[PDB]
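Here the structure is laid out as structure tokens; the discussion comes afterwards.
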Amino acid sequence: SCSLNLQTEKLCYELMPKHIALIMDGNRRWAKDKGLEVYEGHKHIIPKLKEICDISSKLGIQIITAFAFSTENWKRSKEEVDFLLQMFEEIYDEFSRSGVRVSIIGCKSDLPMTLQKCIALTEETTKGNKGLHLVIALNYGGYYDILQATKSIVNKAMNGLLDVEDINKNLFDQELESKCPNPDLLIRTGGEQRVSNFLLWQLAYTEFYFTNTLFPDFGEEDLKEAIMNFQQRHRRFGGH
Amino acid sequence: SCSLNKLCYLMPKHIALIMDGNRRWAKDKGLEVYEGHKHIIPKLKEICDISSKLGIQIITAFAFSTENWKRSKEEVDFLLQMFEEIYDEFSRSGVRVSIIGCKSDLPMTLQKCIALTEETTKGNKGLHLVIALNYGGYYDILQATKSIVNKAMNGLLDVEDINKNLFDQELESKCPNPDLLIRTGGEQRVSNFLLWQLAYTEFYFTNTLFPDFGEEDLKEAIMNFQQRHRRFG
Ligand SMILES: C=C(C)CCOP(=O)(O)OP(=O)(O)O
Ligand SMILES: C=C(C)CCOP(=O)(O)OP(=O)(O)O
Ligand SMILES: CC(C)=CCSP(=O)(O)OP(=O)(O)O
Ligand SMILES: CC(C)=CCSP(=O)(O)OP(=O)(O)O
Ligand SMILES: [Mg+2]
Ligand SMILES: [Mg+2]
């Protein structure tokens, strides 16, 4: 039995985006066009990311969720997967002495135990920082987030900790790994115009911004153009 | 315990459609806002006839979201009343028509027009038109979860059986998912439409207001889609 008409206003959104989501596309192409190995360009993810957080933090942006590794690029090249997972360990060097709090969402339990330790250390070292919250989606996906939230709700219902009539938008928010407040703005570099199983639940009323700029070329100027674009946009949330 | 590493998804088989821009179309032409909404169903029928000729098999169209209840009483009543016209426009066409959404919130009269429209068209072999009325992506994922929870409490599945396939079969919009999404009206957002189903869908946004969306705008969108597929495939 369903009822949705007189139900409440329950939306985790909104001149400055509080939360920006980011899909970092274009790295392999950027190596080719300049000439370097495709190893490179992937080298620029972490420095660019630190740079983006610096600019963003200065502007008043409070959260950034960055899409590093989906559940689908486990089937990219055998050599390229082993490279990227080991390179992300250098998160520790770049962020551990910053004002940046750092969390990782995804199925951590399937990664190299080395990487599991680096993530736990990076999370604990930065947990007290008062600055901008940087969430890194690693071995994450939209289907994944919704399914694990569902198993967790099913398990509670089987142990009498809730019933079917408790299952609503707030309950589901509390079980998902990416929580309120949801992204006001999604930025995808690299020219593709889709979400590719990143967030799904969370994007319900996000403003989308797509650019052809490859990610290593995405500098302060490009980021300000994205934020000005967003500020020109009229958000109605289904109303008038 | 999680473990990670689709019998869904050049001519798109399933198109998803967000029919936005009706009030601004009216107001620009000096017309009352309700003149805009009177073009929704006729335009949608016209788009079904064009799509059927192109080989498209499914269209899922956003007619009323769970958030549109926030407009004025006058605007809501006109729309729920106007959607009874679905019976007139489609009962004697070649389109097969289904409605997704929480029907029990609607006026009992509209519930009857809907049930009659589904009944009279159920045998049509042509294009399948799915109309999302009082629908939302939040709603659809929540109702799929409650259904999964009740199966568990009746001993029909374990938590370790919960996966992408089981979840798809509980949702109101099922596989195959939309290949292409077309949103008229100029805005770049999905507005709580088919959240789970759009994971790999191509997003096509256009400034053309819905009452102006014609055959050539539709052919341009499909041509964009075919270009994207050569690029990222
Ligand atoms: C599987 C393919 C085609 C390459 C993956 O590239 P991304 O990680 O950028 O994701 P999509 O291009 O598929 O959206
Ligand atoms: C029935 C439809 C097409 C809902 C989306 O249109 P809206 O006008 O409600 O979307 P927003 O601009 O408010 O996000
Ligand atoms: C998804 C990740 C890790 C990076 C996105 S950039 P890429 O490596 O997929 O490079 P291209 O899109 O092929 O140019
Ligand atoms: C189809 C419905 C009910 C809404 C989408 S069109 P609209 O009423 O939102 O018109 P505007 O976006 O206000 O121009
Ligand atoms: Mg890519
Ligand atoms: Mg609108």
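The way I read the labels, and the way they are meant: chains A, B, ... in the order of the structure tokens, residue 1 as the first residue of every chain, and ligand 1 as the first ligand shown, with later ones counted on from there.
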
Write as a PDB file with N, CA and C atoms, in the first residue's frame the residues around ligand 4, taking 8 Å as the cut-off and counting only C-alpha atoms and all ligand atoms.
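Output saved as part.pdb:
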ATOM      1  N   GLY A 238      10.170  20.527  -8.477  1.00  0.00           N
ATOM      2  CA  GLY A 238       8.815  20.093  -8.763  1.00  0.00           C
ATOM      3  C   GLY A 238       7.737  21.139  -8.547  1.00  0.00           C
ATOM      4  N   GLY A 239       8.059  22.279  -7.949  1.00  0.00           N
ATOM      5  CA  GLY A 239       7.099  23.307  -7.619  1.00  0.00           C
ATOM      6  C   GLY A 239       7.141  24.487  -8.566  1.00  0.00           C
ATOM      7  N   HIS A 240       6.655  25.627  -8.083  1.00  0.00           N
ATOM      8  CA  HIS A 240       6.474  26.802  -8.926  1.00  0.00           C
ATOM      9  C   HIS A 240       7.372  27.951  -8.476  1.00  0.00           C
TER      10      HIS A 240
ATOM     11  N   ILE B  18      11.162  13.219 -20.648  1.00  0.00           N
ATOM     12  CA  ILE B  18      10.710  14.163 -19.626  1.00  0.00           C
ATOM     13  C   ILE B  18      10.075  15.354 -20.328  1.00  0.00           C
ATOM     14  N   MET B  19       8.747  15.479 -20.222  1.00  0.00           N
ATOM     15  CA  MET B  19       7.941  16.399 -21.047  1.00  0.00           C
ATOM     16  C   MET B  19       7.796  17.736 -20.331  1.00  0.00           C
ATOM     17  N   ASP B  20       8.887  18.493 -20.287  1.00  0.00           N
ATOM     18  CA  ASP B  20       8.977  19.736 -19.532  1.00  0.00           C
ATOM     19  C   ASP B  20       8.832  20.926 -20.474  1.00  0.00           C
ATOM     20  N   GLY B  21       8.337  22.037 -19.933  1.00  0.00           N
ATOM     21  CA  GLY B  21       8.312  23.310 -20.629  1.00  0.00           C
ATOM     22  C   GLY B  21       6.926  23.844 -20.988  1.00  0.00           C
ATOM     23  N   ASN B  22       5.859  23.273 -20.429  1.00  0.00           N
ATOM     24  CA  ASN B  22       4.515  23.592 -20.894  1.00  0.00           C
ATOM     25  C   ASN B  22       4.043  24.962 -20.430  1.00  0.00           C
ATOM     26  N   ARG B  23       4.357  25.360 -19.195  1.00  0.00           N
ATOM     27  CA  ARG B  23       3.888  26.659 -18.713  1.00  0.00           C
ATOM     28  C   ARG B  23       4.574  27.808 -19.457  1.00  0.00           C
ATOM     29  N   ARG B  24       5.908  27.751 -19.590  1.00  0.00           N
ATOM     30  CA  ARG B  24       6.626  28.797 -20.318  1.00  0.00           C
ATOM     31  C   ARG B  24       6.182  28.879 -21.771  1.00  0.00           C
ATOM     32  N   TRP B  25       5.863  27.743 -22.391  1.00  0.00           N
ATOM     33  CA  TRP B  25       5.349  27.788 -23.756  1.00  0.00           C
ATOM     34  C   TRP B  25       4.069  28.599 -23.808  1.00  0.00           C
ATOM     35  N   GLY B  36      -1.089  25.317 -22.256  1.00  0.00           N
ATOM     36  CA  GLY B  36       0.118  24.523 -22.427  1.00  0.00           C
ATOM     37  C   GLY B  36      -0.103  23.058 -22.105  1.00  0.00           C
ATOM     38  N   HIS B  37      -0.750  22.780 -20.972  1.00  0.00           N
ATOM     39  CA  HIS B  37      -0.949  21.404 -20.533  1.00  0.00           C
ATOM     40  C   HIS B  37      -1.872  20.621 -21.455  1.00  0.00           C
ATOM     41  N   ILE B  40      -0.138  18.166 -23.911  1.00  0.00           N
ATOM     42  CA  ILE B  40       0.723  17.077 -23.449  1.00  0.00           C
ATOM     43  C   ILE B  40       0.314  15.755 -24.086  1.00  0.00           C
ATOM     44  N   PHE B  62       7.331  10.976 -18.521  1.00  0.00           N
ATOM     45  CA  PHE B  62       7.098  11.530 -17.188  1.00  0.00           C
ATOM     46  C   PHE B  62       5.943  12.528 -17.284  1.00  0.00           C
ATOM     47  N   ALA B  63       4.777  12.172 -16.745  1.00  0.00           N
ATOM     48  CA  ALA B  63       3.601  13.031 -16.857  1.00  0.00           C
ATOM     49  C   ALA B  63       3.287  13.795 -15.580  1.00  0.00           C
ATOM     50  N   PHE B  64       3.658  13.256 -14.417  1.00  0.00           N
ATOM     51  CA  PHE B  64       3.339  13.876 -13.135  1.00  0.00           C
ATOM     52  C   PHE B  64       4.232  13.217 -12.094  1.00  0.00           C
ATOM     53  N   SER B  65       5.042  14.008 -11.377  1.00  0.00           N
ATOM     54  CA  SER B  65       5.971  13.473 -10.384  1.00  0.00           C
ATOM     55  C   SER B  65       5.372  13.577  -8.980  1.00  0.00           C
ATOM     56  N   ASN B  68       5.064  17.170  -7.840  1.00  0.00           N
ATOM     57  CA  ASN B  68       4.167  18.148  -8.447  1.00  0.00           C
ATOM     58  C   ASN B  68       2.935  18.427  -7.594  1.00  0.00           C
ATOM     59  N   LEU B  79      -4.902  19.178 -13.839  1.00  0.00           N
ATOM     60  CA  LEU B  79      -4.066  18.144 -14.444  1.00  0.00           C
ATOM     61  C   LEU B  79      -4.624  16.747 -14.188  1.00  0.00           C
ATOM     62  N   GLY B 185      12.666  21.450 -22.555  1.00  0.00           N
ATOM     63  CA  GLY B 185      12.427  22.503 -21.583  1.00  0.00           C
ATOM     64  C   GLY B 185      13.649  23.224 -21.074  1.00  0.00           C
ATOM     65  N   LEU B 209      10.845  23.615 -26.095  1.00  0.00           N
ATOM     66  CA  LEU B 209       9.744  23.348 -25.178  1.00  0.00           C
ATOM     67  C   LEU B 209       8.900  22.198 -25.706  1.00  0.00           C
ATOM     68  N   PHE B 210       8.268  21.465 -24.793  1.00  0.00           N
ATOM     69  CA  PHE B 210       7.610  20.222 -25.192  1.00  0.00           C
ATOM     70  C   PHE B 210       6.574  20.449 -26.287  1.00  0.00           C
TER      71      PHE B 210
END

I'd like to know which residues of region 184-224 of chain B are alpha helix (DSSP H) (by DSSP, run on the backbone); could you write them as number ranges by chain?
B: 215-224

Deliver the residues from the most recent selection as a file, using C-alpha atoms, as a compact mmCIF listing (two decimals), in the first residue's frame.
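Contents of the output file selection-v1.txt:
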# COMPACT_ATOMS: atom_id res chain seq x y z
CA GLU B 215 9.69 14.89 -35.75
CA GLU B 216 12.88 16.77 -36.65
CA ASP B 217 13.81 17.45 -33.03
CA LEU B 218 13.35 13.73 -32.40
CA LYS B 219 15.54 12.76 -35.38
CA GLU B 220 18.26 15.14 -34.20
CA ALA B 221 18.28 13.49 -30.74
CA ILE B 222 18.56 10.00 -32.24
CA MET B 223 21.40 11.20 -34.49
CA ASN B 224 23.22 12.57 -31.43

Select from chain B every residue with an atom at most 12 Å from any atom of ligand 3, then for each give the shortest pair of atoms and their distance in Å to one decimal, using only C-alpha atoms and all ligand atoms, rows by chain and rising number, as a Markdown table.
| residue | atom | partner | partner_atom_place_in_ligand_line | distance |
| --- | --- | --- | --- | --- |
| B:231 | CA | ligand 3 | 13 (O) | 10.5 |
| B:232 | CA | ligand 3 | 12 (O) | 8.7 |
| B:233 | CA | ligand 3 | 13 (O) | 10.9 |

Expected file: the selected residues, N, CA and C atoms, as an mmCIF file, in the first residue's frame:
data_model
loop_
_atom_site.group_PDB
_atom_site.id
_atom_site.type_symbol
_atom_site.label_atom_id
_atom_site.label_comp_id
_atom_site.auth_asym_id
_atom_site.auth_seq_id
_atom_site.Cartn_x
_atom_site.Cartn_y
_atom_site.Cartn_z
ATOM 1 N N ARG B 231 31.589 7.075 -30.608
ATOM 2 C CA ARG B 231 32.644 7.666 -29.789
ATOM 3 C C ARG B 231 33.056 6.767 -28.634
ATOM 4 N N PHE B 232 32.086 6.293 -27.829
ATOM 5 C CA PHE B 232 32.352 5.558 -26.579
ATOM 6 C C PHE B 232 31.754 4.144 -26.691
ATOM 7 N N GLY B 233 32.370 3.288 -27.502
ATOM 8 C CA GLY B 233 31.867 1.933 -27.665
ATOM 9 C C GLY B 233 32.905 0.882 -28.004
#

Within 12 Å of residue 157 (chain B) using only C-alpha atoms, minus same-chain residues under 6 positions, as a PyMOL selection string
(chain A and resi 151+154-155+158) or (chain B and resi 147-151+163+166)

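Residues of protein, DNA or RNA lying at most 10 Å from ligand 5, when only C-alpha atoms and all ligand atoms are considered, are residues 23, 24, 25, 26, 27, 28, 29, 73, 189, 190, 191, 192, 196, 214 and 215 of chain A; 232 of chain B.
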
I need the chain A residues near chain B as JSON, numbers by chain; criterion: at most 8 Å, counting only C-alpha atoms.
{"A": [2, 3, 4, 5, 6, 71, 72, 74, 107, 109, 110, 139, 142, 143, 147, 148, 150, 151, 153, 154, 155, 157, 158, 164, 167, 168, 169, 192, 193, 194, 195, 196, 197, 198, 200, 201, 203, 204, 205, 206, 207, 208, 209, 237, 238, 239, 240]}

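If you count only C-alpha atoms and ignore residues fewer than 2 places along the chain from residue 81 (chain A), what sits within 12 Å of it is residues 39, 42, 68, 69, 70, 71, 72, 73, 74, 75, 76, 77, 78, 79, 83, 84, 85, 86, 87, 88, 111, 112 and 139 of chain A.
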
Might you pull out every residue within 12 Å of residue 126 (chain A), with only C-alpha atoms counted and same-chain residues fewer than 2 positions away left off, and present them as JSON, numbers by chain?
{"A": [91, 92, 93, 94, 95, 96, 97, 98, 99, 100, 101, 102, 103, 104, 119, 120, 121, 122, 123, 124, 128, 129, 130, 131, 132, 133, 134, 135]}

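Between CA of residue 94 (chain B) and CA of residue 12 (chain B) lies a distance of 20.1 Å.
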
Apply DSSP to the structure's backbone, then extract all residues of chain A labelled strand (DSSP E or B) and return them as a ChimeraX atom specification.
/A:19-23,63-70,101-105,133-140,185-188,207-210

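Remark: for ligand 6, the closest of the candidate residues B:230, B:45, B:6, B:183 is B:183 (distances computed over only C-alpha atoms and all ligand atoms).
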